[PDB]
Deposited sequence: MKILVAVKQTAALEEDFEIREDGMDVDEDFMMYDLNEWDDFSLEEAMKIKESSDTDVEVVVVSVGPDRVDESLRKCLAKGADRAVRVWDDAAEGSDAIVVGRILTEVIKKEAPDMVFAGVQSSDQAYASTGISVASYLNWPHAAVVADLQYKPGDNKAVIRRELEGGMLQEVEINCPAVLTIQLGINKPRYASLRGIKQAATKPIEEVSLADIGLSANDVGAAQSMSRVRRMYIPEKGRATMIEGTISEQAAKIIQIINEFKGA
């Protein structure tokens, strides 16, 4: 029994970040990298399945990305993932959600898991696309924005709850194996902030440069830019002066 958890190491930007000279991305010097928040919940859900089961459940984390990603994969292993896999070649640079979906599927075909978990979206790009793209290339049952999962290893159906807009959920019974995208709040990840990472090349999974990267993506970046955004009226000075202004605003409202 095997659950494969696709994970992304996301980038957050420091203050005063600048756009690259080519105008296609932000300068990497302003990036801080960490595991995508949604992947904490997805990995925890896999681990909850492992712990609830008398039967062995292999939890395998997989990421497509350059060597910086090994730090995040190591941390997943430290939290009890059984195995961790990084797929990369420089030719994959610029691969969008659909191309990453394709790359992931090549690994998944070989691993032949019983369930695949992905996050609902990435905190950086928030495509909310990659996991469901995997499901398409796998031709597997799928559901997005899963806030609850009832599943026992080996079952041919699971019951999920999708988190809908406006404070409702929907129960859905889904054929297994399935791809699920996992929402924040499904569980309470327990480790909240020597076995190596398995390194896989494109060749290892039957792919080449012509299958990946920006040229194969489903849209082309023209530019990335810092837009003009709305500006608040900032209240400076002391805590007392700041609080006094808030109260002037409350009283003005009533």
Missing residue ranges, deposited sequence indexing starting at 1: 194-201, 263-264
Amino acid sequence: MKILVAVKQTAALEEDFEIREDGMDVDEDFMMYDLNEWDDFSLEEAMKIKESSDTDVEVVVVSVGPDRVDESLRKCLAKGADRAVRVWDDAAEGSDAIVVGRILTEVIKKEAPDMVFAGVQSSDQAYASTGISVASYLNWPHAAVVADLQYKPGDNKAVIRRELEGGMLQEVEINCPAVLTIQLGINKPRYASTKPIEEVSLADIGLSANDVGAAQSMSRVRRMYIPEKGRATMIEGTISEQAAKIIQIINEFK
From here on, numbers count along this sequence of modelled residues.
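We call the rigid core the largest set of C-alpha positions that still match within 1.5 Å between the two forms.
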Comparing 12-20 and 234-242 where Cα RMS over structures and residues is taken in 5 other deposited structures of this protein (core fit), larger one: 234-242
Outlying stretch relative to shown form, 225-233 versus 182-190 in 5 other deposited structures of this protein, C-alpha RMS (core): 225-233
Selected stretch [higher average CA B-factor]: 114-122 or 146-154: 146-154
Greater mean Cα temperature factor according to the PDB record, 127-135 or 158-166: 158-166
Member of 91, 184, 178, 84 with the greatest C-alpha B factor (per the PDB record): 91
Given 194, 36, 217, 42, the residue at which the Cα B factor reaches its maximum: 194
Residue 69 - which third its CA temperature factor falls in, relative to the rest of the chain: lowest
CA B-factor placement of residue 2, once the chain's modelled residues are sorted into thirds: middle
Where the record places residue 62 (Cα B-factor, split into thirds across the chain): lowest
CA B-factor placement of residue 238, once the chain's modelled residues are sorted into thirds: highest
